[PDB]
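K.L.:
Just passing along the structure, written as C-alpha cells.
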Amino acid sequence: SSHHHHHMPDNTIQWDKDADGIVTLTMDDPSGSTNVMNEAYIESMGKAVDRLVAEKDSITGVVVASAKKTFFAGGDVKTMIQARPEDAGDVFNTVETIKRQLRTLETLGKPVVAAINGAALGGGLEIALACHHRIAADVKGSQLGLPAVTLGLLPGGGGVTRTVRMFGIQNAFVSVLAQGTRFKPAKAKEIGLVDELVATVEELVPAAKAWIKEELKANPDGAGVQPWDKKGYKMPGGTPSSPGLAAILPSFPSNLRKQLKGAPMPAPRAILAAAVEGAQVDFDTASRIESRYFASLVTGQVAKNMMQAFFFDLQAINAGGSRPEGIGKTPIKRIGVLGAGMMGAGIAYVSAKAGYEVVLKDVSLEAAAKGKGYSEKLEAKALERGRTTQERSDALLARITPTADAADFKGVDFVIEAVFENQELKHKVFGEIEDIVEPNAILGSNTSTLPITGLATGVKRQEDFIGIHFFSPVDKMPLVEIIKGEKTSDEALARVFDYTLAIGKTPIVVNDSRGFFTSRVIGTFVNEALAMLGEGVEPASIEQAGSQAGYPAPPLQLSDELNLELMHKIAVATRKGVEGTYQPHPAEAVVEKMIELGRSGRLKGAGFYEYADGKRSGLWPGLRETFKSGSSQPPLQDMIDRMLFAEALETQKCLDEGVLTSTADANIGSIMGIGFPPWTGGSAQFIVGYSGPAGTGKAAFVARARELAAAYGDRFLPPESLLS
Amino acid sequence: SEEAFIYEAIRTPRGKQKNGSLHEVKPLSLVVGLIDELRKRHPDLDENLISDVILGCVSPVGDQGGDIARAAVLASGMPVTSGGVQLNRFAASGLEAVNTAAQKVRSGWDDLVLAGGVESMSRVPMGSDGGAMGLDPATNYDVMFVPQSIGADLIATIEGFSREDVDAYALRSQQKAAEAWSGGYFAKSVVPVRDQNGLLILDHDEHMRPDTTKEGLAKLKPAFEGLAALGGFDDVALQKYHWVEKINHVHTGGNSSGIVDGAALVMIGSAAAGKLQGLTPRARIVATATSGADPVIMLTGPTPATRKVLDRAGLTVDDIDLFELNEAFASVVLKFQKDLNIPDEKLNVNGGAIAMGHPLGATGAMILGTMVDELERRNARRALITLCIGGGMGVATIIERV
Amino acid sequence: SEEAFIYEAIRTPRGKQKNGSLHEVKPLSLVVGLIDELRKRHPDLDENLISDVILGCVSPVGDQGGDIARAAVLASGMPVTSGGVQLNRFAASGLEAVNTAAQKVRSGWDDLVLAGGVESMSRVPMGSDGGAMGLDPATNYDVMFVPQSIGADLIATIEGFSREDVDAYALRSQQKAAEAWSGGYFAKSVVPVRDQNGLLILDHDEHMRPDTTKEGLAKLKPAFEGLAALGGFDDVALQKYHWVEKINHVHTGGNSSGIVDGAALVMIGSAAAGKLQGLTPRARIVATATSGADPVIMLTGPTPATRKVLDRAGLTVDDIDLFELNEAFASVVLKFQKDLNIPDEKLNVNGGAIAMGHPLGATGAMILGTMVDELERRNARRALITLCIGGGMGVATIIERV
C-alpha cells in the first residue's frame with residue numbers, strides 16, 4: 001500500500017540528517033500557527049516516511065520535533081464535519097493511511113524519539129505514541145491527551161490501540177480515552193504516558209539525540225522495538241481471554257451505562273468496543289478495527305453536533321465573536337461583591353482564584369465572614385486532595401476581604417451585586433455604594449428574572465450598569481450570562497466579557513428581556529417535568545427521562561434546587577404583564593399544590609424529594625397519591641423529546657426576538673448554563689441535528705414537533721422561522 | 001405422527017459446591033455411570049437401536065467440551081452408531097434435550113433416543129465458556145446485559161414480594177424435598193455415584209439443609225458474590241424499567257438455587273421401538289413449546305412458554321395435575337404462581353433447586369424425571385414442566401402418565 | 001406429519017486462516033449479517049412466527065460461547081420469543097441444525113425455524129473447547145483416540161488410494177469450484193461480509209487456489225501440523241488394525257480441507273407457515289439419518305449414514321441426482337465414491353472444502369445451500385448431503401426440489 005491518499009499541497013515537514021545518521025523531522029505547517037493533521041500533513045509525512053525507508057542504510061535514529069509553540073494539536077475538523085455516510089470509504093482510507101505512516105515509523109528497526117515542546121493533543125499525541133521514547137518539556141500551558149471523545153469521535157490515529165497496548169483495557173479507557181483527559185507534563189510522566197522531562201525546550205533535541213546514541217549502545221537488539229512488538233508480550237491486566245479480566249469484563253458496559261445515565265452518546269461505547277475488540281487480535285488488525293469504528297462515528301450526526309458546538313462554536317466565542325469591535329482592554333484592580341450568599345461567596349471565590357482582590361460586603365460582618373468560609377471549605381477540600389499548595393491556598397484566601405461597611409468599597413472598579421431578588425432592594429443596595437466606588441467602576445447585577453433596564457434606573461452612571469448572571473455552584477458552572485441593558489455601553493460589555501475569560505469562564509452576550517435566555521429556557525424544561533407529574537406520569541419515569549435525555553441532573557431534583565417559591569414568583573411576574581387574560585402553563589397548578597403542602601424545595605427541607613439530615617434521600621412517597629401517578633404512561637421517548645423540544649423551541653424564539661445574536665451563544669449558552677445535553681450540540685443545534693423515526697434534519701425536527709403538538713399541546717408547534 | 005414415550009428417567013445425586021463429594025468425579029463419569037445403570041435395568045436391550053444421545057451442557061469447555069455426549073457413547077462402550085450431540089440453551093438444556101429427542105422420535109427418522117444433561121459446576125464454573133452477550137462490549141451495551149440475580153430482585157420489586165415472602169418459599173422447598181427423600185420418593189430414580197473400586201462417593205443431595213428455620217433464613221445477607229456485586233447493573237435494569245425507583249434486593253443464598261454437580265438421563269422412544277425391546281412406557285410427551293419474554297428481567301420466560309404449550313395440547317391449568325418450575329430464584333416461582341393462578345399443592349410438590357441444587361445442564365432432565373415418578377406414585381395424569389432461561393427464554397413440556 | 005421445506009439458504013464467503021479477510025469480524029457478526037440479509041429479501045415477514053434459531057458450533061468458547069444462537073437473536077433485533085440454541089456434532093453440526101430444525105417442524109410443535117452454523121477458526125482455533133476424549137488419559141487410552149488426518153491416511157492405505165489418486169481429486173475440487181464461481185452459480189447465495197459502515201470486507205472464497213497444478217500438489221509434504229507430528233498415533237491405529245503393517249501418509253495441505261472462517265443460515269418451515277408469510281419453498285426435506293462406524297478410523301461414517309437415509313426415503317443410489325460429501329480429506333470422498341459406486345458427474349459438482357474451506361460449525365448448512373441452488377440450476381430433482389464426523393459418526397440428508 002501507500003503512505004499517501006490518492007492513487008498540490010504545501011510541505012509541512014523539514015528534513016535534517018546529521019553526521020551520525022539521525023534524521024530530525026521538524027513539523028512546521030506554514031498555513032497556521034499550529035500543526036494540524038490536515039491533507040498537507042498527510043502528504044508531507046508520506047514523503048518523509050518514504051524517504052526514511054529509501055535511505056534506511058544511512059539512518060540510525062529519528063527525532064520528531066516541532067517548530068511551533070505547541071507540538072501538534074488536533075485534526076482537520078473543517079473536513080471531518082462534512083463527512084456524509086456515503087463518504088465512509090474516504091474516511092476509512094484516510095485514517096488507515098495516517099496509521100500506516102506511523103506504523104512504518106514505529107517498525108523502522110531504529111529508535112524514534114518524540115521531542116514534545118508544547119501541547120500534544122489529539123492526533124499530536126498519537127504521533128508521539130508511535131515513537132519509542134517521549135521527552136517532554138515541563139513548561140506552562142503544555143498539555144497531553146486524546147480528547148476526541150469530547151467532539152464525539154475517538155482517537156483514530158492509533159490512540160485507542162496503542163494506549164491499550166501500553167496500559168491495558170481498563171486503565172487506558174478510564175484514565176485516558178473515555179473522558180479525553182488532558183495531562184500536564186509532570187502528570188503525563190507519572191502515569192507512563194511520557195518517559196522523561198526536561199527543563200527547557202532547547203534541551204529537547206539534544207536530549208533526544210543523546211537517548212538515541214545511548215539506546216543504540218546499551219540495547220542494540222531492542223532498539224526501535226515497541227513492547228507489544230516483542231515476542232512474549234503480556235498486556236497489562238490481561239487480554240479478554242484472560243480469566244482475571246474476563247471476570248470483570250461484563251461490568252464495563254454496565255458501568256459505562258451508569259456513568260452516561262443511558263444517554264445516546266455513541267462515542268464512549270465505540271471507544272470501549274474498539275478497545276476490547278482490538279485486544280483480542282494482533283496490532284495491525286486492532287488498528288483496522290479502530291478505523292472502522294472511527295468512520296462509524298464521523299459519518300454519524302452526534303459527532304457533527306459535538307464538532308459544531310465544542311470546536312467551532314466554542315472557538316468563535318473565545319475569539320470575541322460576541323465582543324463589540326474596536327473596544328480595548330481595561331484592567332481590574334479591586335472587585336466588590338455585594339451579598340455573601342452562596343452566589344456572592346462563589347463569585348468571590350472564582351475571582352480570588354484568578355488573582356483578583358475581592359471585597360465581600362454583606363449587611364453584617366458575621367454574614368460576610370460566613371461567605372468567605374465557603375472559599376475556606378473549598379480550599380481545604382483541594383488541599384486535602386493535593387490539587388494546590390499551602391502557599392497558593394493562603395494567598396487566595398488573603399485576597400478575599402469580608403466587610404459590612406459601605407466605605408470599604410473604596411478602590412473597587414468592578415461591582416458584582418448578588419443580593420436578594422427584588423428591584424427596590426437592588427436600587428437601595430447600589431445607591432449606597434455607587435458614590436464610593438471608582439468613577440469608571442462596572443456596576444454588575446446577578447439577577448435571574450428582573451430586567452436589567454429596570455435595575456439600571458437606580459444608578460446615575462447607567463452606561464456602566466450591566467447584568468452579570470452567574471450559575472450556582474459558581475465554582476463549577478462554566479457560563480456567565482452577560483445581559484446588555486438598553487443603556488449599557490459597548491465598553492461595559494467588553495469589560496465584563498474580558499473579566500469572564502480572565503476568571504476561566506465562557507461568556508454569552510444577551511439583549512435585555514424578561515427571563516433573559518437561560519432562566520427563560522430552563523423554565524420550559526422544568527415546566528415540562530411538572531406538567532407530566534400533574535398528568536399522572538410516574539415520578540421515577542420523569543427522572544429517568546431527564547437523565548436518559550442527557551441532562552446532568554433530572555428535572556424534579558432540579559426544581560428542588562431552584563425552589564418552587566422562586567418559580568411561582570416568575571409565573572405571577574410574567575402574568576402581571578399579560579394581566580388580556582393570562583395563558584398559564586400546566587405546571588403552574590403543580591407548583592401551587594406543592595407550595596400549599598409545604599414542599600417548596602431543598603431550601604425548605606421538603607420538595608419532590610425527601611431531605612433527611614443534609615443529603616437528598618429518595619422521592620417523597622406521598623408524591624404518587626397527590627398527583628395520581630401511574631395513570632398516564634406515555635412512551636419514554638415522548639417524555640425525553642418533550643423536555644428537549646420545549647427548550648429547543650424556546651431557544652428559537654429567543655433567536656427570533658433578538659435576545660440572542662448567534663447560534664453559537666445559543667448552543668454554548670444552553671450547554672454550559674442550563675445543562676443541555678452535549679450530544680445535541682446545544683439547544684439550537686438540536687434542531688438541525690435532530691434524528692428520529694421521522695428522519696434527520698430540520699424538517700424531521702418540524703415533523704416531530706407537530707406530532708408532539710398534536711399529542712401534548714400547541715406549545716410544541718414550531719415557529720414560522722423553522723419552516724420552508 | 002408417532003407418539004414419543006418416556007421409558008426411563010434416572011439422575012445422580014447433586015453434590016454441593018464447597019467440599020463437594022462429586023468434585024473428584026469427571027462429568028464424563030457422571031454420565032457413564034447412568035448409562036451403566038440403564039444397562040443394569042435392561043441387560044437384554046439391543047443398543048444398536050439407539051440412534052442418538054442428546055446431552056445438555058451450559059459450559060461445554062474443558063472436561064465438558066468436545067461433544068461430551070459422543071464421549072459418553074464411546075466411553076461406555078455403546079455402539080458406534082449411537083450418535084452423540086451436545087446442546088446449550090442455558091438452564092433449559094436438559095429439558096431441551098428431552099424435547100428435541102421427543103421431536104426426533106415424532107418425525108419417524110429416529111427410533112430410540114437417550115436424552116439428558118450434565119453440569120459439574122465445581123469443576124467447570126458457569127461462565128467458563130465466555131460468550132458474546134457478556135464479554136463483547138458492543139452487544140453487551142445493546143442487549144442491556146444484567147445478571148439473573150438482579151432480574152429476580154426486580155421481579156420481587158414489581159410484584160411486591162417481600163423478603164419474608166421469598167424466604168417463606170425457600171422454607172417450603174426445604175421441607176418438601178426433605179419429606180420426599182425420607183418418604184422414599186427418590187429411592188428408585190437417584191443412582192448413587194461410586195468410584196472405580198465400587199466405593200460409595202455420594203448417594204444423597206448434599207446441598208439440602210433440612211433443618212432450616214425462618215429465623216435462620218432472615219439472618220442471611222443479600223447476594224454479593226460474582227457479577228451481582230460488580231456494579232452498574234442495578235442502574236442498567238432501571239433504565240429499561242424506568243417506572244421503578246429502587247430495586248428491593250431480597251434474594252440470598254437461602255432462597256436461590258444452589259450450585260451443585262449432577263447428571264440426568266432419559267430414554268425416549270416410539271411405541272413400536274419400546275414394544276420391540278420389551279420396555280414398558282412410563283409417560284407420554286404431549287407437547288413442547290419454546291418462547292420468551294424481556295431479556296433484561298430475564299426470568300419471565302416460563303409464563304408465555306407455559307401458555308403456549310397449553311394451547312398446543314388443548315389444555316388449561318385445570319387439566320394439569322402437577323406444576324414443576326425450576327427454583328432458580330424464589331421470586332420466579334412466585335411470579336409464575338401469581339400469573340397462571342397455580343394452587344400451592346400443585347407446585348413443585350417434592351422441593352426444588354433451592355433445596356437440592358441446580359446443575360445447569362442437567363436440571364431440566366432431573367425435574368422431568370421427578371415428575372415422571374410423582375405422577376406414577378400419586379396415580380395422577382398430567383404434569384407441566386417449565387424453566388426460566390437466561391436471556392429471557394422459556395421452555396415448557398406436558399407429560400401424560402401411561 | 002408436517003412436511004418441512006427449505007425457503008432460504010444463504011452463506012458468507014469463506015475467509016482464509018493466515019491473513020484472512022474475516023479475521024477482524026466477530027463470529028456473532030457473521031451470523032447477524034446473514035439475518036439482516038433475510039430481512040432485506042423478505043421485509044414484510046412477521047418475525048414473530050420464527051420460534052427457534054438453531055446454530056451449529058464446534059468450539060463454542062470465547063467469542064462463540066454463551067449460546068451464540070441466542071446472542072444472534074438478541075443482537076439482530078429479532079423478536080424475543082424466537083429462542084436460540086447452540087449444538088455441536090463436530091463437522092456435521094451445521095447439517096445437524098438443519099435436520100433438527102426440520103424435525104421440529106415435522107412434529108408440529110414448531111412453526112418457522114432458522115438453522116445454520118458459525119465458525120471463526122482464525123479467532124477460535126480447533127480444539128479451543130478442550131474435550132474429555134482427548135484431554136483425559138483414562139478415556140483417551142480406552143477409546144483409541146487418533147487424529148482425523150491419520151484415519152484418512154489409514155483409509156487410503158486400506159483402499160489403495162495413492163498419493164496421485166488423492167492429489168488428482170484435490171485438483172478436481174479446485175477446478176469445479178472455480179468453474180462454479182466463474183459461471184455465476186454462487187451469485188445469489190454468497191452474501192458478502194460488510195462492516196458497520198457498509199464497506200466491503202470479503203466477497204469471495206479467498207482460500208481457493210484455482211491455478212493449482214498436478215506438479216505443484218506433488219511437491220507438498222505430508223501433514224506436519226499439530227496433533228500429527230506428535231508420536232504414538234501411528235502405532236495406536238495399527239494396534240487395532242493389526243493386519244496393516246504400515247500407514248501410507250498421502251494427505252497434505254493441498255488435498256485436505258482448509259481452515260477458514262464463515263457462517264450459513266437456512267430457513268425451514270411448514271408449507272402453511274411459508275404460505276402465510278408469502279415465502280416460496282425451494283426444496284423439501286425428505287429424510288434424515290444418523291449412523292456411524294469405527295471411531296479409530298473416524299472417517300468411514302458417511303457410508304452407513306447414506307444407506308440408512310436412502311432406505312428410510314425408499315430410494316436407491318440411482319434415484320439421487322447430486323451427491324454432496326464434505327471434503328475433509330480426499331481419501332474419504334474416494335472411499336465413499338468407491339463403496340456406493342457414485343458416478344463422478346454427481347459428486348461435489350461445485351467443488352468442496354479442499355478448495356473453498358471448512359468452517360466446522362457452518363459447513364453442513366453451507367453445502368446444503370449449495371445443493372438447493374444447484375438443483376434449481378440443473379432443474380434436477382434429488383440431492384443427498386452427507387458429512388464424515390469426528391469420533392466415527394455420520395449424518396446424511398435427502399432433499400427434493402419443489
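Residues in the C-alpha cells are numbered from 1 in each chain, the chains being A, B, ... in the order shown, and ligands are numbered from 1 in the order shown.
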What's around residue 194 in chain B at 10 Å? Count only C-alpha atoms, leave out sequence neighbours fewer than 2 positions away in its own chain, and write the answer as JSON, numbers by chain.
P.N.:
{"B": [22, 25, 29, 30, 33, 191, 192, 196, 197, 198, 199, 200, 201, 202, 203]}
K.L.:
As number ranges by chain, could you give me every residue of chain B near chain C (at most 7 Å apart, counting only C-alpha atoms)?
P.N.:
B: 1, 51, 61-68, 71, 74-75, 80-89, 103-104, 106-107, 109, 129-133, 139, 143, 287-294, 393
K.L.:
In range 108-262 of chain B, what's alpha helix (DSSP H) per DSSP? Answer as a PyMOL selection string?
P.N.:
chain B and resi 132-135+137-143+148-159+163-182+214-218+233-240
K.L.:
As a ChimeraX atom specification, list the residues of range 307-543 of chain A assigned to strand (DSSP E) by DSSP on the backbone atoms of this structure.
P.N.:
/A:335-338,358-361,400-403,414-417,442-445,465-469,479-484,506-511
K.L.:
Deliver the residues from the most recent selection as a file, using N, CA and C atoms, as a compact mmCIF listing (two decimals), in the first residue's frame.
P.N.:
```txt
# COMPACT_ATOMS: atom_id res chain seq x y z
N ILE A 335 -12.32 43.99 43.10
CA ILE A 335 -13.68 43.52 42.86
C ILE A 335 -14.48 43.67 44.15
N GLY A 336 -15.68 44.24 44.04
CA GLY A 336 -16.54 44.39 45.19
C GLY A 336 -17.83 43.61 45.05
N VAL A 337 -17.99 42.57 45.86
CA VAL A 337 -19.17 41.71 45.80
C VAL A 337 -20.12 42.10 46.91
N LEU A 338 -21.34 42.49 46.53
CA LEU A 338 -22.39 42.79 47.49
C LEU A 338 -23.22 41.54 47.73
N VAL A 358 -10.66 40.84 46.16
CA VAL A 358 -12.11 40.83 46.30
C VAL A 358 -12.48 41.41 47.66
N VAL A 359 -13.41 42.37 47.65
CA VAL A 359 -14.05 42.88 48.86
C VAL A 359 -15.46 42.28 48.90
N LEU A 360 -15.74 41.48 49.93
CA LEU A 360 -17.00 40.76 50.06
C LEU A 360 -17.83 41.44 51.15
N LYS A 361 -18.83 42.22 50.73
CA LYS A 361 -19.65 43.00 51.64
C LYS A 361 -21.01 42.35 51.84
N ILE A 400 -9.57 37.71 49.63
CA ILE A 400 -10.96 37.94 50.00
C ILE A 400 -11.00 38.71 51.31
N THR A 401 -11.68 39.86 51.30
CA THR A 401 -11.80 40.71 52.49
C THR A 401 -13.26 40.86 52.85
N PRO A 402 -13.76 40.11 53.83
CA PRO A 402 -15.14 40.32 54.28
C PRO A 402 -15.29 41.65 55.00
N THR A 403 -16.48 42.24 54.87
CA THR A 403 -16.74 43.54 55.48
C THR A 403 -18.25 43.75 55.58
N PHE A 414 -15.14 47.28 39.95
CA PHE A 414 -15.90 46.18 39.35
C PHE A 414 -16.84 45.64 40.44
N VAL A 415 -18.09 46.09 40.41
CA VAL A 415 -19.09 45.71 41.40
C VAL A 415 -19.94 44.58 40.83
N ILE A 416 -20.14 43.53 41.63
CA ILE A 416 -20.97 42.38 41.25
C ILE A 416 -21.98 42.19 42.37
N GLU A 417 -23.19 42.72 42.19
CA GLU A 417 -24.23 42.59 43.20
C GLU A 417 -24.88 41.22 43.12
N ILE A 442 -17.48 49.20 36.98
CA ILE A 442 -18.59 48.45 36.39
C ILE A 442 -19.61 48.14 37.48
N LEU A 443 -20.88 48.38 37.18
CA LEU A 443 -21.98 48.12 38.11
C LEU A 443 -22.74 46.90 37.59
N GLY A 444 -22.26 45.71 37.97
CA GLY A 444 -22.89 44.48 37.53
C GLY A 444 -23.95 43.99 38.50
N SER A 445 -24.95 43.29 37.95
CA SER A 445 -26.03 42.72 38.73
C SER A 445 -26.21 41.26 38.37
N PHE A 465 -24.03 50.25 33.98
CA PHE A 465 -24.83 49.22 34.62
C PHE A 465 -25.08 48.09 33.64
N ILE A 466 -24.85 46.86 34.08
CA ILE A 466 -24.89 45.70 33.20
C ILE A 466 -25.26 44.48 34.02
N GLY A 467 -25.85 43.49 33.36
CA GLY A 467 -26.19 42.25 34.03
C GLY A 467 -25.11 41.20 33.89
N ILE A 468 -24.62 40.69 35.02
CA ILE A 468 -23.60 39.65 35.05
C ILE A 468 -24.22 38.47 35.78
N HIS A 469 -24.73 37.50 35.02
CA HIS A 469 -25.52 36.41 35.57
C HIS A 469 -24.65 35.17 35.73
N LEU A 479 -20.45 28.97 32.68
CA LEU A 479 -21.00 30.06 31.90
C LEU A 479 -21.22 31.31 32.74
N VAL A 480 -21.09 32.47 32.09
CA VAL A 480 -21.55 33.75 32.62
C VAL A 480 -22.45 34.37 31.56
N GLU A 481 -23.68 34.69 31.94
CA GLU A 481 -24.63 35.32 31.02
C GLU A 481 -24.56 36.83 31.21
N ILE A 482 -24.04 37.53 30.20
CA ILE A 482 -23.84 38.98 30.25
C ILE A 482 -25.03 39.64 29.57
N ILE A 483 -25.89 40.30 30.35
CA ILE A 483 -27.11 40.91 29.83
C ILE A 483 -26.85 42.38 29.54
N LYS A 484 -27.18 42.81 28.32
CA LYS A 484 -26.97 44.18 27.87
C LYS A 484 -28.28 44.94 28.00
N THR A 506 -16.87 30.99 30.28
CA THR A 506 -17.25 31.34 28.92
C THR A 506 -18.42 32.30 28.93
N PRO A 507 -18.35 33.40 28.17
CA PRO A 507 -19.44 34.38 28.19
C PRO A 507 -20.42 34.23 27.02
N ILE A 508 -21.65 34.70 27.21
CA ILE A 508 -22.58 34.94 26.12
C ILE A 508 -23.20 36.31 26.34
N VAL A 509 -23.36 37.08 25.27
CA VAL A 509 -23.90 38.43 25.34
C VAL A 509 -25.35 38.38 24.89
N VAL A 510 -26.25 38.83 25.77
CA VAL A 510 -27.69 38.65 25.61
C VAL A 510 -28.37 40.00 25.78
N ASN A 511 -29.32 40.30 24.89
CA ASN A 511 -30.07 41.54 24.98
C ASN A 511 -31.12 41.46 26.09
```
K.L.:
Measuring between only C-alpha atoms, which one of B:347, B:97, B:238, B:73 shows the shortest distance to chain A?
P.N.:
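Going through B:347, B:97, B:238, B:73 one by one, the smallest distance to chain A is for B:238.
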